[PDB]
Amino acid sequence: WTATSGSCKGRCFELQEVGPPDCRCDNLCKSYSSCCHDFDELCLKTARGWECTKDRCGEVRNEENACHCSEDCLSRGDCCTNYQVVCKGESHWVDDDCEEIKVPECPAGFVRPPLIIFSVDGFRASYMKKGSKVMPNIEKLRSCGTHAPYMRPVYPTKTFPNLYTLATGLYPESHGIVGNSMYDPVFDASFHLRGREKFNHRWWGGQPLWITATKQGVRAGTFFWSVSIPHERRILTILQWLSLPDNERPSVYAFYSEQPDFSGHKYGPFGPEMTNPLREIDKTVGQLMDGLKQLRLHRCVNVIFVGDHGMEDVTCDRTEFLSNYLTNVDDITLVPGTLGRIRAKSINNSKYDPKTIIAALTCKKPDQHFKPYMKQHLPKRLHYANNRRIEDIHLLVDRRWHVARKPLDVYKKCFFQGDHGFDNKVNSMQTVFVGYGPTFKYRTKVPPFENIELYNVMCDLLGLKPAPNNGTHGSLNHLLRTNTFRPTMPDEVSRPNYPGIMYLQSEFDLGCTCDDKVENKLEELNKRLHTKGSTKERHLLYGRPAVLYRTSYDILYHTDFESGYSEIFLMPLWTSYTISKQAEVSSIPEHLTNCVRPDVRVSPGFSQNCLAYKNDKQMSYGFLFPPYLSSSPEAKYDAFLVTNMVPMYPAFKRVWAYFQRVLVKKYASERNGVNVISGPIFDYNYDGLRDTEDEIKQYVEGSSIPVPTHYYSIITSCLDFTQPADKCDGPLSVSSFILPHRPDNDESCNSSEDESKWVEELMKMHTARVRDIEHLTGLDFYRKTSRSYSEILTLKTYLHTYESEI
Ligand SMILES: *[C@@H]1O[C@H](CO)[C@@H](O[C@@H]2O[C@H](CO)[C@@H](O[C@@H]3O[C@H](CO[C@H]4O[C@H](CO)[C@@H](O)[C@H](O[C@H]5O[C@H](CO)[C@@H](O)[C@H](O)[C@@H]5O[C@H]5O[C@H](CO)[C@@H](O)[C@H](O)[C@@H]5O)[C@@H]4O)[C@@H](O)[C@H](O[C@H]4O[C@H](CO)[C@@H](O)[C@H](O)[C@@H]4O[C@H]4O[C@H](CO)[C@@H](O)[C@H](O)[C@@H]4O)[C@@H]3O)[C@H](O)[C@H]2NC(C)=O)[C@H](O)[C@H]1NC(C)=O
Ligand SMILES: CC(C)c1cc2c(cc1OCC(=O)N1CC[C@@H]3CN(C(=O)c4ccc5[nH]nnc5c4)C[C@@H]3CC1)C(C)(C)CC2
Ligand SMILES: [Ca+2]
Ligand SMILES: [Ca+2]
Ligand SMILES: [Cl-]
Ligand code: NA
Ligand SMILES: [Zn+2]
């Protein structure tokens, strides 16, 4: 109950909302049925439209008009945006040539250049090029400022998750807004688009920019706009706020457009009906910039033009029905559409079994357009698991499709030709970024980057210290002329040991054998040299990775590879080797098929043992440095050391073998050599972060050997592929992956075929950033290069997506 009998006279778009039951006059009162009786009349005027006409010029101020063309309007802050053009001979901002903004050119009293976030719903990246002829204001921002070819959204590529990621820097799993609809079991409550629960603060985690600003004494424009307030009124209200007195004027402002998303849902991304919404957005941009130029702010403010996600072609007829797969379809609740999330209809049904639902949804139809996963088995790059609001069962839906429970759910709901939500590496989901202003560079293109990075930059732009977030602060310093943040490398926490030969073979009782007794100081001082790190500059190109937690580990050197061997996990944390373009693939000689050799540098009590593998009927083993890539028959003996061994399910050894035997060589041929770093990951609580030893849920039977949840590889070469990887003078090129260490290949529907028909498609789906691997290992890579740290941070955030060109 609001006593809605106060009045908005003098309070229109007041910046501190008032506490019940005083009625409200802020830009959100409509949305709480809480506006003063006179809000419309005083605050939402519309008389005479939005533009000055020649015969309104110098008019006498009439307070009823939506905007003014009177002589006093400039200093009242309330002219129509085209006032100076119509009435004072000025040009529109879009008609002026752009000129570099080397310094903020601001009115006296401005402590810092304001930021204006101009956000557009459903603005797909390819609109920047494909609609360029009808978006002249946007094209000018783009080409005069700083722009990326596209900006990657977060998964799922829905509205609320992505806008709240822009606000916080966080993955949805950490901010809490994990879809446009959710159920939280702890609250026993649901969050929905229509309705009131979504206003409760308990849904919204992390610290959004407007709160970060406020706490640090920067004032924020009440960000968000009741949907019926027209765009023109939003722009005029921003422009008015910008005329406030110095002590009351905000430094950060937001504008949001529901277009082009709204039309895209109806017409598809490239419907002929989409040209008009794109014109109308561009005209709103022009009204802002014209209005800024009137207030002499057009070379003062930083403007960000940003989208939340793209839009794909999706129609009712491309719907898969869980009723064509499940007999038990009424015992489940589906969150449906461009993703699926399944839970039990009822907590009291102990006959509900996730294992059987997953099995019934796995590879059941030739062209099945969705793939089921337990959330911990989703690709790690999605960072979509560590929230109680994310259901254990997930369906990743193919682009262009929907999933639904039963056909009645669709025809008793074709209405629509566009949707979004799919995998955030899909091209049609990509969105836009442009920054224009004194703090952004001039006419600069930057590489694609993820929207999780922007919160840090927006903090940099306002002089704020960002709250902890999932950006990598400094990775977007190349967007900025100044205000850059100067990050430093984390300190190494554990220093390694460098063990020499300390154990005699007979001290080991590991149940390992090798046909190796088959026995000249030409090649004896030589192998001594190799075990002391004579070849280390070949196989360790960017320095050793730094260990950023407390542990006990050893550096081991070999002719062909170098490893950091964990005495706690009994296996390498990392293994580093270089494969030149010229290198050759060999086979494991027959006599050496089951050979495992004790490492006389490493105690038996810190070694794996072959007997546990024998007794463990599910678990086999592989090697991190592959025997197939040995430089010589003699060096190959090093690859069978028990310290190079790691636990592998037979199903996973198919993947791993194909990667090591076939793909590494292919990459070296294509990239002119590659440096590889491989190793295990343990993420049993699926939080994206390295497990401690007390979090491991599975061991090789009868032993303390922990079973990895994943295996990673980082593959680095020269960006200039005319230079070989081991003699690169400039920028690097990386691709990486985090493969799930699974006891079956159910994920790959074509897995009974040869590895050449399915392993690469799996690896592509499990592409990763080096930063993702950092979080999962507590390692810090690329510590010694000739490159600036900022450029290295950029490299560590790169994702190789395998999509074609936008
Ligand atoms: C992406 O970036 C983010 C941001 O940096 C990273 O997330 C952080 O990771 C930290 C490590 O997991 C985590 O730190 C923990 O915080 C606990 C207290 O946190 C509360 O206060 C903060 C501060 O304001 C607040 O942000 C938190 O918010 C979470 O929960 C609220 C309420 O539910 C939500 O609104 C909000 O969305 C947010 O949810 C997300 O995080 C939680 C985890 O906190 C998840 O469970 C959710 O699913 C969701 O993902 C909190 O309100 C603190 O209590 C923890 O301390 C334990 O461990 C330390 C180790 O140092 C130890 O000293 C203590 O003993 C303690 O143990 C005791 O508790 C254990 C667990 O209850 C118990 O088992 C023991 O037996 C002990 O009793 C810890 O410090 C930090 O909160 C989050 N921050 C955010 C915003 O998520 C994220 O890791 C990055 N991701 C990647 C991939 O890099
Ligand atoms: C989430 C919110 C806190 C937020 C943060 C930030 C921005 C904008 C922000 O919110 C803009 C805004 O005013 N609205 C957000 C959108 C929702 C979704 N919707 C719908 O019901 C809706 C809209 C489109 C849809 N597509 N598919 N389902 C849909 C559902 C109406 C509703 C309109 C209001 C900036 C980017 C400026 C910075 C950070
Ligand atoms: Ca076995
Ligand atoms: Ca973990
Ligand atoms: Cl959703
Ligand atoms: Na399979
Ligand atoms: Zn939408």
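To match Swiss-Prot, the residue numbers of chain A are left as they are there, and the shown ones run 51-463, 468-573, 576-591, 617-887.
Going by what the header records, the deposited coordinates were determined by X-ray crystallography, 1.9 Å.
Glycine is treated like the rest: Cβ placed from N, Cα and C.
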Segment assigned the feature region 'Required for secretion' in Swiss-Prot (from 75-96, 119-140, 854-875): 854-875
Record Swiss-Prot, residue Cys156, disulfide partner from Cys350, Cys366, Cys413, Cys468: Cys350
Additional site residue, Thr209, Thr325, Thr388, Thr406 [criterion: listed by Swiss-Prot with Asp171, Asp358, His359 for Zn(2+) 1]: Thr209
Spatial neighbours, same chain, of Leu770 (Ca(2+) binding site) - Cβ under 8 Å, 6+ residues apart: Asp764, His856, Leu857
Same-chain residues at least 6 beyond the ends of the domain 'SMB 2' (98-142) whose Cβ lies under 8 Å from its Cβ atoms: 282-283, 285-286, 289-290, 292-294, 336-338, 340-341, 343-345
Binding-site residues near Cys75 (disulfide bond) (Cα-Cα within 10 Å), from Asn230, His359, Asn766, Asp768: none
Non-site residues, in chain order, whose CB comes within 8 A of the mean position of the CB atoms of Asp311, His315, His474 at Zn(2+) 2: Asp171, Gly172, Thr209, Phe312, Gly314, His359, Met361, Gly472, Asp473
Those residues of the chain, 6+ apart, with a Cβ under 8 Å from that of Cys799 (disulfide bond): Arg752, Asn753, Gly754, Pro805, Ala806, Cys809, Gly811, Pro812, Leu813, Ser814
Filtered recorded positions, from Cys79, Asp311, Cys468, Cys809, whose Cβ is under 6 Å from an atom of ligand 7: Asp311
Among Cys75, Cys86, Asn230, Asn398, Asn831, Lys877, the recorded positions whose C-beta sits under 6 Å from ligand 5: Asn230
Structural state census, the domain 'SMB 2' (98-142) (DSSP three-state): 13 helix, 3 strand, 29 coil
